[PDB]
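Here is the structure we will look at, set down as structure tokens.
Protein chains in written order, with the working numbering: chain A, 23 to 71; chain B, 886 to 1679.
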């Protein structure tokens, strides 16, 4: 809504926003391809079958 | 938003990411919205309640006033109930048979038009009674109001002659018109001979407790009765303008008429379309119309009988010069007594209270003409009419007074009088004083220690203090400033003349000292003038300080009944003059310093030659000028004195540094000049410290000049490698006497050469000007101000 546009704090909030979002796609496909079971465990690699 | 990005700047006045200061900035916004909603809260509430009473009374009068004109539907439609029913009897034979004889007023018009002829011919003397009062007619409520009702019975021939305008016959106002010659104008003018002689009888100094009672009672009875009567005829043209101009000017005629309407729409046709709005029925019903000028048009002759007796009591001369308001305001006292006596007599009319303010038009307009130009006593012009303004105010409600509006222009006449008078006064006082001061064997007003006051300046003191008694006496922002500040321009002409003729006192002691001990080939006519200028010029500075006494001290002493703005407008040009009260001392007392000197110019340039080097020239200068400040010292005003002896040590050191360009080669060779800078330094020390006793200025107003003493000892005694720092330190205090003095010091010296003058004195010249960019950006011009001695080719 508030655009804002620009610094003060927004922008230079949105960097950590969008890169935190690609960080959550990183951890997201990490746990997705963990027990995909493209690595096999109950988890990725902590084997419980 | 266009506010929010600006608010993003206001919160961007916290940093950029400033969450703590963003929180506090939000608390600031909460304070702003907080108070804005406190005032918007209560303001919105007051507006809401205004809408509440607004719609509450639009309600309450829509409904209740719709049931007030519809309560006039209730009670006025109840009026239509008994229209042809009421009074339970033959009302048809009461309004058409018994009221047929109401259209039979013949014999009453014959014996009352005939008796109105004969008996008002008798009432042309009986009801027109006079000669002289005998209670104003006698008894004009019997007499003059008997002529009013006799003129109200002849208002059938005066006012209902304008109602009976071709009613049924031709001789109703023709054969009765000769019955109205002794009938109407022998009753209406009988009430106007009794009314003009009633109010004129009420203009007779008592006037009286029964004469103005009866007479004014007739002049309120027929006055207010005449007012509602001709107000009923003007409301017959306004009730016909309400009525017949709702009929003829409906508009549905629609021509309208030619030519009995527009004009006279709406009057509109007498008996009865133009009459019955002042005639029957009509429970009045004539209208009256007595008496027209009982005091309905004759109360103006009562307040104009004290305002024509008052305006008549001017006697425009003014019988001394301004005695118009004496008898005129006496008729204003008789206007208050006749006014309140007549309101005690008559409530409705006949001079209730307007005689007082009408007599204030008599005293106001009277006092605004007796001194209009300067034809009255110009010195007593505004004091008279202003004294009757405030006093004749205080003699009433404050209000049979004399409003003038010519006060201030007469105060411009007091400006021209007191200012040009004080030009004459001040000029004679000056030239008298200065021609006394050239008689130098006797001083002015006695005291043996030179604190003499003066004589014509005392006439300025006390007598100009008496000149401003009208200034402060009327408290003018145009005289108590204007005579005072234009008088301060006259004081500038004064101190210019103290500069002029006190400079002639200076010349008088200059050539009188030439006659005394200074080579008498100088003698002038007006300068036969021995020692004694001391008491004269200090007597001048003494009444500079006594011009501070009455000018300054009387100035802030009395002027305290305006604001400090106007008081300040006075204060700008009498009390900064304290500096002016030694500014003559800026011109007189420096003359004193040269006239301590002018018996002694033989050692004043034999210094720096060989006679003073081992001799008694220092004895003459230091000891003789020491005694010369051992007789001015008891005799001198203080503000003159500190600046004086200050400028004695200074001017006496530059008369001690006179001969630096005579080019005598310095006797630091065998120390003869050098002892003249050292041993004579002991002799030229008690010229600073026995001159000064009773105070501790002996070196305090001499230290600044021990600078040029000891550094000049470094300048003119000392050799090559000790005149550098002479100009270093002597530059660090006195750059007013510039570097080229050393050139003259090296004009007076062979054994420090000219190339040494190039290095020392020209690199020291660069010290002078580059230090003037460095350290002067040293102190002021002083004793050594413009004694920059002549320089050779560097």
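Every residue gets a Cβ at the ideal spot worked out from N, C-alpha and C, and that includes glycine.
Query: Segment contact, 8 angstroms Cβ cut-off, at least three pairs: the region 1051 to 1061 of chain B with the region 1193 to 1202 of chain B; Result: no
Query: Check whether residue 1612 (chain B) and residue 1662 (chain B) have beta carbons under 7 angstroms apart; Result: no
Query: Through-space distance from residue 1303 (chain B) to residue 1545 (chain B), alpha-carbon basis; Result: 56 angstroms
Query: Inter-residue Cα distance where the pair is residue 1296 (chain B) and residue 1451 (chain B); Result: 16 angstroms
Query: Neighbour-count burial assignment, residue 1176 (chain B), 16 or more Cβ in a 10 Å radius; Result: buried
Query: Chain A contact residues for residue 893 (chain B), given Cβ-Cβ distances below 8 angstroms; Result: 26, 30
Query: Cβ separation of residue 1133 (chain B) and residue 1153 (chain B), assumed to be a contact under 8 angstroms, to the nearest whole Å; Result: 6 angstroms
Query: Residue 1253 (chain B) - DSSP class collapsed to helix/strand/coil; Result: coil
Query: Chain A contact residues for residue 901 (chain B), given Cβ-Cβ distances below 9 angstroms; Result: 29, 30, 31, 34
Query: CB of residue 1076 (chain B) within 7 angstroms of CB of residue 1029 (chain B), strictly; Result: yes
Query: Distance CB(residue 1586 (chain B))-CB(residue 1531 (chain B)) smaller than 7 angstroms; Result: yes
Query: Residue ranges of each alpha helix (DSSP H) within the region 1508 to 1546 of chain B, 4 or longer; Result: 1509 to 1513, 1523 to 1539
Query: Buried versus exposed, by CB contacts within 10 Å (16 or more), residue 978 (chain B); Result: exposed
Query: Opening and closing residue of the alpha helix (DSSP H) in which residue 1573 (chain B) lies; Result: 1571 to 1574
Query: When B:1559, B:1514, B:1524, B:1627 are compared against residue 1583 (chain B), the one with the closest alpha-carbon; Result: B:1514
Query: Nearest-angstrom Cβ-Cβ length linking residue 1602 (chain B) and residue 1548 (chain B), presumed shorter than 8 angstroms; Result: 17 angstroms between Cβ atoms; not a contact.
Query: Helix, strand or coil at residue 1306 (chain B) according to DSSP, with G and I counted as helix; Result: helix
Query: Below-7 angstroms beta-carbon distance, residue 943 (chain B) vs any chain A residue; Result: no
Query: Range of the contiguous alpha helix (DSSP H) that encloses residue 1215 (chain B); Result: 1209 to 1230
Query: Secondary structure of residue 1124 (chain B), DSSP reduced to three states; Result: coil
Query: For residue 68 (chain A), the three-state DSSP class (helix, strand or coil); Result: coil
Query: Residue from B:1273, B:1616, B:1553 with nearest C-alpha to residue 1654 (chain B); Result: B:1616
Query: Which of helix, strand or coil DSSP assigns to residue 1458 (chain B); Result: coil
Query: Cα-Cα separation, residue 25 (chain A) to residue 889 (chain B); Result: 11 angstroms
Query: Chain A within 7 angstroms of residue 897 (chain B), Cβ atoms only; Result: yes
Query: C-beta contact flag for residue 1108 (chain B) and residue 1031 (chain B) at 7 angstroms; Result: no
Query: Delimiting residues of the alpha helix (DSSP H) encompassing residue 1471 (chain B); Result: 1468 to 1482
Query: Nearest to residue 1225 (chain B) (by Cα), restricted to the options B:1094, B:1128, B:1431; Result: B:1094
Query: Residue 1662 (chain B): first and last residue of the uninterrupted alpha helix (DSSP H) it sits in; Result: Careful: residue 1662 (chain B) lies outside any alpha helix (DSSP H) and carries neither H nor E.
Query: Alpha carbon of residue 1385 (chain B) to alpha carbon of residue 1563 (chain B), nearest angstrom; Result: 41 angstroms
Query: Residue 1267 (chain B) versus residue 1098 (chain B): straight-line alpha-carbon distance, rounded; Result: 41 angstroms
Query: Complete alpha helix (DSSP H) runs within the region 966 to 994 of chain B (minimum length 4 residues, chain order); Result: 977 to 980
Query: Rounded separation between residue 1110 (chain B) and residue 1033 (chain B) - CA only; Result: 10 angstroms
Query: Pair within 7 angstroms by beta-carbon distance, residue 1298 (chain B) and residue 1263 (chain B); Result: yes
Query: Residue 1021 (chain B) vs residue 1096 (chain B) beta-carbon contact at 7 angstroms; Result: yes
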